[PDB]
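The structure appears right after this line, and notes come after that.
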Amino acid sequence: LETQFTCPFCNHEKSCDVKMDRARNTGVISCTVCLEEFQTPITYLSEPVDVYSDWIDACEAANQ
Amino acid sequence: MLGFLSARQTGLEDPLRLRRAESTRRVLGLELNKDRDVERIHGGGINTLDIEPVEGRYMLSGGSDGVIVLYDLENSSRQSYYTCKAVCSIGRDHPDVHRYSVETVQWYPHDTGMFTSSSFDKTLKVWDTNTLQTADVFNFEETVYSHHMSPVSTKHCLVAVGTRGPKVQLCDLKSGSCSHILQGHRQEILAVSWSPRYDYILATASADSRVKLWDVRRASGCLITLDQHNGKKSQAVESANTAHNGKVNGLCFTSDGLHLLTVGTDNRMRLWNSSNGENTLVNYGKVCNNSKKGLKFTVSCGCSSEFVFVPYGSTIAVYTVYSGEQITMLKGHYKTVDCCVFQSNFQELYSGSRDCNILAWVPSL
Amino acid sequence: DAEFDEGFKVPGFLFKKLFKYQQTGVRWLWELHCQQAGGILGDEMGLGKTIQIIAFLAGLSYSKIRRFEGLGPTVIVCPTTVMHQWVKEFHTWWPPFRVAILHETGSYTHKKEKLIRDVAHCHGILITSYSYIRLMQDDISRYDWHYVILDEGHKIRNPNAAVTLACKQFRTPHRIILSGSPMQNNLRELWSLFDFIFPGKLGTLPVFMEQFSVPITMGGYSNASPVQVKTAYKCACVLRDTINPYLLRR
Amino acid sequence: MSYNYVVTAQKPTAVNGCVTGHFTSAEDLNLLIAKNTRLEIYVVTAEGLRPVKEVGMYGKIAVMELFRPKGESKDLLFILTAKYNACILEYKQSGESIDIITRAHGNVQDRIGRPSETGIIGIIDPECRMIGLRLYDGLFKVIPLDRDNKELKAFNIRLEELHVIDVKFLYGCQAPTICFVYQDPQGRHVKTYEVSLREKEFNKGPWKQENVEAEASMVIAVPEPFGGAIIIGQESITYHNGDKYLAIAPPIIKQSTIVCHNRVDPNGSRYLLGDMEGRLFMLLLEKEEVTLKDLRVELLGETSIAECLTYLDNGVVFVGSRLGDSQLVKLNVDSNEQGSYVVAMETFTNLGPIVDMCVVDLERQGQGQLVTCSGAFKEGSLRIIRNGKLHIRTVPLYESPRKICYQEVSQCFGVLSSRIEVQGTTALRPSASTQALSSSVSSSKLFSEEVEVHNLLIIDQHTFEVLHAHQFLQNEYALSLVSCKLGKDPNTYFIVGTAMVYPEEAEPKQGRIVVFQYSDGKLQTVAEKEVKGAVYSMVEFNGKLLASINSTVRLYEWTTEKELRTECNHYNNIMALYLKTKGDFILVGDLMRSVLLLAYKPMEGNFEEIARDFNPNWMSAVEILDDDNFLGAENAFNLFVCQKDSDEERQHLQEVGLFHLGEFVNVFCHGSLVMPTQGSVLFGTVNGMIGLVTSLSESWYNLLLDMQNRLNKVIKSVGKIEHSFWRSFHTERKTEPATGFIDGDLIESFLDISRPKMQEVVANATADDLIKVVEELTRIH
DNA sequence: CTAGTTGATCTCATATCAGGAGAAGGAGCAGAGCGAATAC
Ligand SMILES: [Zn+2]
């Protein structure tokens, strides 16, 4: 499972970094290029793929 | 100021004096707008703004969510408080919406019936403003960081595009020829800007810490390479003659086009003689920027002294171009400011930032 | 004497000798010289393209336009079989050009490097063969040539040949090609010629192929789907107007 | 679309430039005077001036200089227009016929560029190798003359110094050498360059930059025997030649800055220098055997406030003035027993800056009469104008008038005036405010170098003597004045809007509206009202007082208690500078939003923004022509007529008429100077022109338009300037052709052509019909 | 000297799971130790 992801907003490969703040149960995914940021709740079973998942889902939901 | 009015009435001073002095005074009194608001439609940060060059009424805004919003800035209501309503919108439901962030949007000069928008989806789309449909699309092999149409060209209608490729593309809007490229950079071309003075002069700033001026008619590469030291540290041109000690992510010709303001990721802005690229050694102090993409900043027009409005963190730093003296910080944004566009008719400013807000700064009183 | 817009005094006693298309070609060449770009005199054989070149260079020398007080050192790369013809043409149109041939036959009777140095030192008119460009490609390109004229420039039709690389190692903005046909087999040759005259105008050859050559040939077949032929027509139009101001073909 | 007819009732009278030389003939000593659009050529006789020609340029003459190229029998005249039409003209007299042939012409407007602060500068190399223009910051345009052009092809040389104060060509230099004073953050410095036409670029000057006085504002190129230059500043006069550095600081020039100069002798042994206060000094260069020994300045005397001056001969000096009457003065060898060597020989009338003017039917005739606040500080006056030619009286006030209004019931004019006191305070001269029959000072309970003292002068409208002079509070500027009766009481009042002016602020925060009544030869303060800003403009609006405090247009009612009570306000203005009225409608001229058609809805009791123009025109004056036509004057010397169109788009005023007047209109007023056209709006300008706007009918306007095009095809302009270009609406960020306006001067020129040219005009009715039409058009003024 | 013939050589162009063991790097934690920094 890759940790760096293509940004849904600027389509820059591996430009998204994921930070797991487990102490606060929050994952923050940020694109280095276009500076888009997204915050989602996470669990101890969560992974950066799950945070990027929640980001893609939030984008598609907001774009309806 | 009653002295100014009296001098204008009595012919002591040219009306030019009152006009430019009052423009400068208005710019100095720039403050968060007391009675004005801008409609919020972008779901993501606004990366770019552009007020149309003719009549200065309509404003384009490209968001990080790929939508393009067209606002009317005129207060068509009778109240002193109004919101800049959104006339049109390339929203998520438009068949031609950009799939990724719109990074530059520009009105067609000489006419408001067309505009252009480049995105990180590797497309420069040319839109008919009336039908709001894509009149043309130019696809690129690599993401677009910036683009610019000449604000002066009555003859050519080239769009200079800077992508992550090391080549500056020149897309002819006259019969579509995107094959023309300029060689000489080595990394992503983060900013491009046509000279407002000279028709065929284009300045390009790239991540290789170099700024090059090209005569696009010419067959022999760039005209000038900007050098910080002008020759104090002189070396055979392979890696020397850098404009900055980092990525040069913003360009802006001054109003007359005789100087060039370059902002780079070394936390420095520099002013260059646009005719021979000599550094004028204007200080400006430290200009905080760490943007990994192009940084959009503008200069004032029609004032006694020229000003430059640079995004500075979550603020707008206003500097005097030719002295470097720091005027002020416009402080009303909650995240880093991506773009600021200057309305020259009324000395107004519109700033878009990552907080999904377009804030209007108006002169006080 | 005929005078152009910015001032390019082509002499009357030469300009009167040209034909209407020849004078148009001189006008076009000098427009290129003002834009500091190169071109292709793609006029087919028999019209007379050397006469246009000598007339234009003679006007550029007498007009004393300036870098260089008038015309500087120019190199003409032509097949051997016409080299002597070229010098005679100069000597009958514009005598005061110190024209010199670089060849084993030649007239220098000394070291050829000394000939290059001496001719450049006098801003002369130096004629070579393509082979000498290839062999002395490092030596001949050190003396700040002001013009490069590849007569029968279809020798550059291959973007791989060592002659193409040696000819593209020149530095001047001024690159003129005298070829009866810019392309002979396919668009590789058009791209190579345009990479010579104007390094940046047409894109890198991969880009050029993928945009122009494949769609055009795919639309050159009668079993092509209608979309294919329409795209081929559009791309041909784009290539045509892109090359319009730099290929003068009659 | 609107239909308007503009005609010049009185040609411009303010002189903005005067040059002497041999223009008409090799032996004649010509005086060329540039009034704004008019070039007047006189021949300097032994006595006075003999007018030989008067041509009307299609342009505001910003530069006017005479130069004699090698081989030319007589001087050629270089004229640059404010819209940057350059022309080289020659005088060709063929017997009775006089022609100003355009030897060369062109347009030198750069498409983009910051116009320089100190204004357009035009200089000519003393050997006439080139013309150097400073039009924009950072650039120096050069028009070579050795290359004989008929199109005046020019090239810009980039000038590293961006704030150039003044520039001249030095004398006795092998190469064209410019010496100029420029301002950088380190101070003001005088630098030199040697222009190269072959390389088209500057080269290192004969002598390096030298740091000059902070207010060093003038450069004077001394002729060959001395060479170098003289820099005049506010406090000192210095002379540089590269190693000679002479300097003086005469205390007598400290009081006022020197604004003009002229060279008396061909060798520059003497110069004239005029200051803004009118003082004329002689700067003498003492030579030593040649180099320069020492500089002296001696006060010759006092003249009108000189924009320019020119020594003709025999001690005669033409003092050309913009703020007062131009003068022809004599420099006596010996003093006049008052310390002054200057004696006025002749005075040429100048309607100075016409800041305000009122049309009055004085003498109870059917004829109008313009009473204009003309002139400035020392040259301020009232001018009374009638049709008799135009007869112009003059009532010298010796202080600047600002506003004027006529009170028919009281048989007097209320005139706002302003004088300068130096120190508590002392008047520099006995002014009309101080020479009133009776006087008073405001004692207001509301509020508790050189300064301006403002007064309300009650002036008898028979003898034009100052019946009264009421001085205002300390540091109070009176801005507006209106004579009207408010509410329902019968008394007629002088209502004065004021502002409290202190140096610590940029916009007045305090002011008051004072209601005076003039009765029994006394000016009693009937009422006061402290307001929170400068009352820029006031007007009577249906018996109420419509005032404009800094950004708020508000309405006051006159109560039974004889006090002003606010009724309604409108705040959607930057600064409402100009107010006009017709019925329930108000026209608010804004500083930079340019118009606002407001309506007072009486059934409710507030204002309603009926419409607005969203174009950013900076206003100088505004007027209401018809129920739906609104005339306005922009500070860029343009007239524009807005029209209420026919949704929210109904709130957009449409600019249905555009025109470039070439004059800074200060005031409009309904009225006519005479006993086919609808309406009559006179206007007064800064350069002294009085013009007249009338509305035309559609078919007639179309026919006139056709005549204008025909005349443009026939009549040849002096500088080969196209009339459409000259009248094209022009602003630094906009340029449009003229629409909805007929140039009355061009139409009236239809009389001054011969019959074959008329037939050329009227190729496609007969010529006599159009002669009748233009005669009827001339009747209105 | 001096041109014409003879071979070699190069370029260019013609299409279509039931390993294991050890050594080197990097990671995260743990503490020790010393500079500054409040503060009694
Ligand atoms: Zn991104």
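Numbers and lists here come from the model and the stated rules, or from a named source; nothing here is a laboratory result. Please note: Cβ atoms are built from the backbone with ideal geometry, for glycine as well, and neighbour counts cover all protein chains shown.
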When region D:443-465 is examined, which residues are found to be touching an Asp or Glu at 6+ places or on another chain (Cβ under 8 Å) and buried (at least 22 other Cβ atoms within 10 Å of the Cβ)? D:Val453, D:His454, D:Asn455, D:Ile459
Enumerated strands (runs of 3 or more DSSP E) restricted to region D:170-272, each holding at least 1 residues that are touching a helix residue (DSSP H, G or I) at 6+ places or on another chain (Cβ under 9 Å): D:229-232, D:237-240
When C:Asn158 is run through (1) surrounded by fewer than 16 Cβ atoms within 10 Å (Cβ to Cβ); (2) within 24 Å of C:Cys34 (Cα to Cα), the failure sits at (2)
Verdict on D:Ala478 being among the small types (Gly, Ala, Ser), assigned to a loop (DSSP other than H, G, I, E, B) and under 21 Å from D:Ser537 (Cβ atoms): no
In region B:48-106, residues that are within 16 Å of the ligand (Cβ to nearest atom) and either farther than 19 Å from B:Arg354 by Cα or in a strand (DSSP E or B) (or both) total 6
Among the candidates D:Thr20, D:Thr13, single out the residue that is touching a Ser or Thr at 6+ places or on another chain (Cβ under 7 Å), under 18 Å from D:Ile124 (Cβ atoms) and either of a type outside the set (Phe, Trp, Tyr) or surrounded by fewer than 21 Cβ atoms within 10 Å (Cβ to Cβ) (or both). D:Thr20
For region B:200-215, which positions are within 14 Å of chain C (Cβ to nearest Cβ) and either in a strand (DSSP E or B) or touching a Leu at 6+ places or on another chain (Cβ under 6 Å) (or both)? B:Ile201, B:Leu202, B:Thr204, B:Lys212, B:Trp214, B:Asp215
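Given the condition within 14 Å of chain D (Cβ to nearest Cβ), acidic (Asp, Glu) and farther than 30 Å from D:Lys734 by Cα, answer yes or no: does some residue in region B:340-359 qualify? Steps first, answer last, please.
Pass one, region B:340-359, residues within 14 Å of chain D (Cβ to nearest Cβ): B:342-348.
Still in the list and also acidic (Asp, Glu): B:348.
Restricting the remaining residues to those that are farther than 30 Å from D:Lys734 by Cα gives none.
No, every residue in region B:340-359 fails to be within 14 Å of chain D (Cβ to nearest Cβ), acidic (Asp, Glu) and farther than 30 Å from D:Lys734 by Cα.
Of the residues D:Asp613, D:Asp627, only one is among the acidic types (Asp, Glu) and surrounded by fewer than 18 Cβ atoms within 10 Å (Cβ to Cβ); which? Even if it seems obvious, please write down each step before you answer.
Details: D:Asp613 fails: surrounded by fewer than 18 Cβ atoms within 10 Å (Cβ to Cβ).
Within the list D:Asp613, D:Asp627, the selection yields D:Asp627.
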For B:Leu49, the lone unmet condition from (1) within 11 Å of another protein chain (Cβ to nearest Cβ); (2) surrounded by 18 or more Cβ atoms within 10 Å (Cβ to Cβ); (3) touching a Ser or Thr at 6+ places or on another chain (Cβ under 7 Å) is (1)
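For region D:623-642, give me each residue that is more than 12 Å from chain B (Cβ to nearest Cβ) and in contact with a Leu (Cβ under 7 Å, 6 or more places away or on another chain). Quick ask: steps written out before the conclusion?
From region D:623-642, those more than 12 Å from chain B (Cβ to nearest Cβ) are D:623-632, D:639-642; that's our starting set.
D:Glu623, D:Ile624, D:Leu625, D:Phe630, D:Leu631, D:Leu639, D:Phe640, D:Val641, D:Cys642, listed by residue number.
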Within the set of pairs 6+ apart or on separate chains, which have a first residue in region C:152-177 that is closer than 19 Å to C:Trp28 by Cβ, a second that is β-branched (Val, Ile, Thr) and within 15 Å of DNA strand E (Cβ to nearest atom), and C-beta atoms under 8 Å apart? C:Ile177/C:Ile156
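Table: residues versus (1) within 12 Å of chain B (Cβ to nearest Cβ); (2) away from the ligand (no atom under 16 Å from the Cβ); (3) more than 12 Å from the chain's Cα centre (by Cα).
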site	(1), (2), (3)
A:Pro8	yes, no, no
A:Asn11	yes, no, yes
A:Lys19	no, no, no
A:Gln39	no, no, no
A:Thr43	no, yes, yes
A:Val49	no, yes, no
A:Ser53	no, yes, no
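This table checks each residue for (1) surrounded by 15 or more Cβ atoms within 10 Å (Cβ to Cβ); (2) in the same structural domain as D:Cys669 (by CATH); (3) over 30 Å from D:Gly388 (Cβ atoms).
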site	(1), (2), (3)
D:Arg727	yes, no, yes
D:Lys734	yes, no, yes
D:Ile747	yes, no, no
D:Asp752	no, no, no
D:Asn764	no, no, yes
D:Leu777	yes, no, no
In region A:9-58, how many are over 26 Å from B:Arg99 (Cβ atoms) and away from DNA strand E (no atom under 16 Å from the Cβ)? 8
Selection from region C:125-143 of residues aliphatic (A, V, I, L, M) and more than 16 Å from DNA strand E (Cβ to nearest atom) yields C:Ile125, C:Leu126, C:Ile127, C:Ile140
Of the numbered conditions (1) part of a strand (DSSP E or B); (2) away from chain B (no Cβ under 14 Å), D:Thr498 satisfies every one except a single condition; which is it? (2)
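crowded, with 20+ Cβ neighbours inside 10 Å and assigned by CATH to the domain that holds D:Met57, is that true of D:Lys150? Before the answer, list the steps.
Details: crowded, with 20+ Cβ neighbours inside 10 Å: no; assigned by CATH to the domain that holds D:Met57: yes.
No, not satisfied.
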Reported set for region B:173-199 where residues are among the polar types (S, T, N, Q) and within 7 Å of chain C (Cβ to nearest Cβ) is B:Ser175, B:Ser177, B:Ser179, B:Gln183
Taking region C:146-181 and keeping residues among the small types (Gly, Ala, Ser) and touching a helix residue (DSSP H, G or I) at 6+ places or on another chain (Cβ under 7 Å) leaves C:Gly153, C:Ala162, C:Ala166, C:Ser179, C:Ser181
Residue by residue through region B:284-313, note down the ones that are more than 11 Å from every other protein chain (Cβ to nearest Cβ) and surrounded by fewer than 19 Cβ atoms within 10 Å (Cβ to Cβ). B:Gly285, B:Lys286, B:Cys288, B:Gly313
How do the strands (runs of 3 or more DSSP E) wholly within region D:114-169 filter down when requiring 2 or more residues that are of a type in the set (A, V, I, L, M) and away from chain B (no Cβ under 14 Å): which remain? D:121-124, D:130-134, D:139-144, D:164-169
Filtering strands (runs of 3 or more DSSP E) wholly in region A:1-44 for at least 3 residues that are on the phi < 0 side of the Ramachandran plot and surrounded by 21 or more Cβ atoms within 10 Å (Cβ to Cβ) gives A:26-31
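Taking the criterion of being in a strand (DSSP E or B), away from DNA strand E (no atom under 16 Å from the Cβ) and either in contact with a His (Cβ under 6 Å, 6 or more places away or on another chain) or more than 14 Å from chain B (Cβ to nearest Cβ) (or both), would at least one residue in region C:102-124 satisfy it?
Our first condition is that a residue be in a strand (DSSP E or B); within region C:102-124, this holds for none.
So far as region C:102-124 goes, no, none of its residues is in a strand (DSSP E or B), away from DNA strand E (no atom under 16 Å from the Cβ) and either in contact with a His (Cβ under 6 Å, 6 or more places away or on another chain) or more than 14 Å from chain B (Cβ to nearest Cβ) (or both).
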Residue list for region C:144-180, restricted to those being within 11 Å of DNA strand E (Cβ to nearest atom) and under 17 Å from C:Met83 (Cα atoms): C:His154, C:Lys155
For B:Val38: the one exception among (1) surrounded by fewer than 18 Cβ atoms within 10 Å (Cβ to Cβ); (2) out of contact with any helix residue (DSSP H, G or I) (no Cβ under 7 Å at 6 or more places or on another chain): (1)
